[PDB]
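Peer 1:
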Amino acid sequence: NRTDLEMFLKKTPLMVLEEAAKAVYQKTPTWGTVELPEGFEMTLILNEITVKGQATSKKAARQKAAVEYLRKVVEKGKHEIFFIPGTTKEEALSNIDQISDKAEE
Numbered sequence: 001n002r003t004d005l006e007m008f009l010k011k012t013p014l015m016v017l018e019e020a021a022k023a024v025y026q027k028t029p030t031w032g033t034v035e036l037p038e039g040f041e042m043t044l045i046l047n048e049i050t051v052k053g054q055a056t057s058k059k060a061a062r063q064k065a066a067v068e069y070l071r072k073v074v075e076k077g078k079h080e081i082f083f084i085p086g087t088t089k090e091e092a093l094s095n096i097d098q099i100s101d102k103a104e105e
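Structure follows, in C-alpha cells:
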C-alpha cells in the first residue's frame, strides 16, 4: 500500500499475511502441516487469532487457512491489520476475495 510495488507483490494471498503479522507485531506467522485420514490440515496462528482448514492439496491448504484468519479480523473490526482498504462493507470482503482470485491472473 505504501508503494505501488507492494500492490504488485500482493499477487499472492500470503503477502497479506506477511504484512499483517509484521505490521501488527513485527513478527512472522506460524504454519503447521498435519497428516490425517482426511488429508492435510493447515494450522495458522497469529498472536491471538488461530485458524485451521482441511484440504487435499498444499497450495489450497494454506490459501483456505489464511482466509479464515482474515475473516476473524473483520469480525473484530480490525481489518486494518495491514490496512485492508474497504470504502464500504462489501468492499472489504470483496477486496480480499479478489486477492484470492487474482492468485492466477
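In the numbering used here, the protein residues as written are 1 to 105.
Idealized CB from N, CA, C, for every residue including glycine.
To which residues does DSSP link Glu18 through a beta bridge?
Peer 2: Within the sequence shown, numbered from 1, the residue matching residue 18 stands at position 18. Bridge partners of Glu18: none, in fact.
Peer 1: For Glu68 and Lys52, I'd like the C-alpha separation in whole angstroms.
Peer 2: On the sequence shown, residue 68 is found 68 positions in, with the first residue counted as 1. On the sequence shown, residue 52 is found 52 positions in, with the first residue counted as 1. Roughly 8 Å between the two C-alpha positions.
Peer 1: Could you give the first and the last residue of the continuous alpha helix (DSSP H) run that contains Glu91?
Peer 2: Position 91 of the sequence shown, counted from the first residue, corresponds to residue 91. First-last of the alpha helix (DSSP H) with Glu91: 89 to 101.
Peer 1: Please go through the segment 25 to 63 and give each complete beta strand (DSSP E) segment of 3 or more residues, from N-terminal end onward.
Peer 2: The qualifying runs are 30 to 36, 39 to 46, 49 to 55.
Peer 1: Just how far apart, CA to CA, sit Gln63 and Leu70?
Peer 2: As a first step, residue 63 must be located in the sequence shown, where it is residue number 63. As a first step, residue 70 must be located in the sequence shown, where it is residue number 70. About 11 Å.
Peer 1: Taking the alpha-carbon positions, what's the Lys11 to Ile99 distance?
Peer 2: By 1-based counting over the sequence shown, the position of residue 11 is 11. By 1-based counting over the sequence shown, the position of residue 99 is 99. Computed Cα separation, rounded: 7 Å.
Peer 1: Taking the alpha-carbon of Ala55 as reference, which of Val73, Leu36, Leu46, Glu48 has the nearest alpha-carbon?
Peer 2: One-based indexing of the sequence shown puts residue 55 at position 55. Minimum Cα distance to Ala55 is reached at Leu36.
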